[PDB]
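**Q** give me coordinates for this.
(2 chains)
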Amino acid sequence: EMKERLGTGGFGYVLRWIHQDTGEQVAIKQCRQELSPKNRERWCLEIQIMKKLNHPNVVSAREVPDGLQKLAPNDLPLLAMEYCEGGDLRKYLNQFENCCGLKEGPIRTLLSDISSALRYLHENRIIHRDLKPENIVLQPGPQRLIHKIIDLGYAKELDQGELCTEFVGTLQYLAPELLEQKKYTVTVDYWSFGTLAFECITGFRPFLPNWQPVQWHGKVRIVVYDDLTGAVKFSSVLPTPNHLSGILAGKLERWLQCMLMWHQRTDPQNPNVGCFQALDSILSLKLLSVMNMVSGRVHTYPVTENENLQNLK
Amino acid sequence: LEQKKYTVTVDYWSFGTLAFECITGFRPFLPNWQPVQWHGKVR
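**A** Numbers count the residues shown, from 1 in each chain, chains lettered A, B, ... in the order given. Below, you will see the structure:
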């Protein structure tokens, strides 16, 4: 037999069942009380797809545990994934003292990892659509914290239609889904990621006290930052009292100012690459940083493997 | 907050909803809120 449970959404359950001996940590996404034939057949398109693919950063399926198998009252399949240890990206975002930001580079991981998970999905033209903290799992890695994007496939896979449009749990994040519109363009990942990212840097987004249809004015009467009452504020020009690198305001305000938009969002000096190119170059760079002591505390410099001391001096 | 239209008019509005409210139990609406409306004022 098998073990325990996880979270809920899409077409039902996520489960941490195990062959309770050796500890086979499998994930189980079962089905929800029948649907239209094209809506329960879409469930089966998901299963083939999250198995059709494998990329570190984004879980792959273990097929089905041959032991115990169909405890499924469906005659429809189930899905078994490689469950990752306590990393529900949220978990930490609440953590507690990431209030005011989670300035690690575990920004630099996440900003990277995902950027290369999304990668793989615009490769197979599979827009993830949603993106939240609660689909991503920072799990301990053989070197430096690998994080994986679990659970989700609301995934408008070009050519084979959409999946679901189930709309489920915490909407609080996605992009101009004033329910539907035609612009289910690639673009809408870039938006969610962006805030997701923002959020991770600091602790907000363009903003989420207020709410969803409470925003759409969020979308400004735009590429600015905003308004109060007493003290309250809702923002994207000057990214706040966080704990990042002095020179990563350097990315932020000019990355995110581009990753946080509508229709076709990009950086109008060039045709680069949306996330990848810009973020990658903004993510690499090798950074030296020389304290002073002539009390001007720090100084930091961008350095090629091609320069030495007296360059610096 | 403010604008120049502190014309008579602005009583007629409050009364109106006040009235509405009294007939029924709402107004153009107040679950949501104040700056939460201004879209209240319809697109």
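**Q** got the contact list for the residue nearest to residue A:29 when sequence neighbours are not counted?
**A** Using C-beta to C-beta, 6 or more residues apart in numbering or on different chains and skipping the chain neighbours, the partner closest in space to residue A:29 is residue A:79 (4.2 Å). (C-beta placed from N, C-alpha, C; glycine too.) Applying C-beta atoms under 8 Å, 6 or more residues apart in numbering or on different chains to residue A:79 gives the contacts A:27-30, A:46-47, A:50-51, A:61.
**Q** residue of the stretch 51-200 of chain A nearest chain B, please.
**A** Nearest to chain B, among the residues of the stretch 51-200 of chain A, is residue A:178, at 10.5 Å (C-beta to the nearest C-beta).
**Q** what residues does chain A have near chain B?
**A** Within chain A, the residues that sit near chain B (C-beta under 8 Å from any C-beta of the partner chain) are A:210, A:214, A:216-217, A:227, A:229.
**Q** remind me, longest helix of chain A?
**A** Secondary structure of chain A read by DSSP state H shows that its longest helix is helix A:106-123.
**Q** that helix - contacts with which helices or strands?
**A** Here helix A:106-123 touches strand A:136-139, strand A:146-149, helix A:188-201, helix A:276-283, going by 3 or more C-beta pairs under 8 Å, 6 or more residues apart in numbering or on different chains; DSSP states H and E.
**Q** list the buried residues in it.
**A** Along helix A:106-123, these residues count as buried under the neighbour rule (16 or more other C-beta atoms under 10 Å in any protein chain shown): A:106-119, A:121-122.
**Q** tell me which residues are up against that helix.
**A** Residues outside helix A:106-123 that contact it (C-beta under 8 Å, 6+ apart): A:53, A:55, A:57-58, A:89, A:127-128, A:136, A:138, A:144-147, A:149, A:155, A:186, A:189, A:193, A:196-197, A:200-201, A:244, A:275-276, A:279-280, A:283.
**Q** which of the residues you listed are buried?
**A** Here, 16+ other C-beta under 10 Å leaves A:53, A:55, A:57-58, A:89, A:127-128, A:136, A:138, A:146-147, A:149, A:155, A:186, A:189, A:193, A:196-197, A:200-201, A:244, A:275, A:279-280, A:283 buried among the contacts of helix A:106-123.
**Q** still on that earlier bit, farthest-apart pair in the residues of chain A next to chain B, please.
**A** Comparing all pairs in the residues of chain A next to chain B by C-beta to C-beta, the longest separation belongs to A:216 and A:229, at 18.8 Å.
**Q** would you mind measuring from the closest residue to residue A:52 other than its chain neighbours to residue A:274?
**A** Nearest non-adjacent residue to residue A:52, counting by C-beta to C-beta, 6+ apart: residue A:124, 7.8 Å away. From residue A:124 over to residue A:274 the distance is 17 Å, taken as C-beta to C-beta, to the nearest Å.
**Q** more crowded one of the two?
**A** Shown here are residue A:124 and residue A:274; by other C-beta atoms under 10 Å in any protein chain shown, residue A:274 has more neighbours (20 against 13).
**Q** now do the contacts for that one.
**A** A:186, A:190, A:259, A:265-266.
**Q** next, it: phi, psi?
**A** phi -30, psi -90 (degrees, to the nearest 10).
**Q** again, but for residue A:157
**A** phi -60, psi 110.
**Q** contacting residues for the closest residue to it other than its chain neighbours?
**A** Excluding the flanking residues, the one nearest residue A:157 by C-beta to C-beta, 6+ apart is residue A:126, at 4.6 Å. Counting by C-beta under 8 Å, 6+ apart, residue A:126 touches A:49, A:155-158.
**Q** list the contacts of the closest residue to residue A:304 other than its chain neighbours.
**A** Nearest non-adjacent residue to residue A:304, counting by C-beta to C-beta, 6+ apart: residue A:286, 7.5 Å away. The contact partners of residue A:286, by C-beta under 8 Å, 6+ apart, come to A:302-305.
**Q** check the stretch 201-313 of chain A for the residue nearest chain B and tell me.
**A** Per C-beta to the nearest C-beta, the residue of the stretch 201-313 of chain A with the smallest distance to chain B is residue A:214, at 5.5 Å.
**Q** quickly find the element holding that residue.
**A** helix A:212-215 (DSSP states H and E).
**Q** show residues contacting that helix.
**A** Residues outside helix A:212-215 that contact it (C-beta under 8 Å, 6+ apart) are A:171-172, A:178, A:206-207, B:32, B:36.
**Q** where do the strands sit along chain A?
**A** A:26-28, A:61-63, A:80-82, A:136-139, A:146-149, A:287-289, A:300-302 (DSSP state E).
**Q** what is the last one packed up against?
**A** Secondary-structure packing of strand A:300-302 (3+ C-beta pairs under 8 Å, 6+ apart): strand A:287-289.
**Q** what subset of the contacts of residue A:126 is buried?
**A** For the contacts of residue A:126, buried by 16+ other C-beta under 10 Å: A:49, A:155-157.
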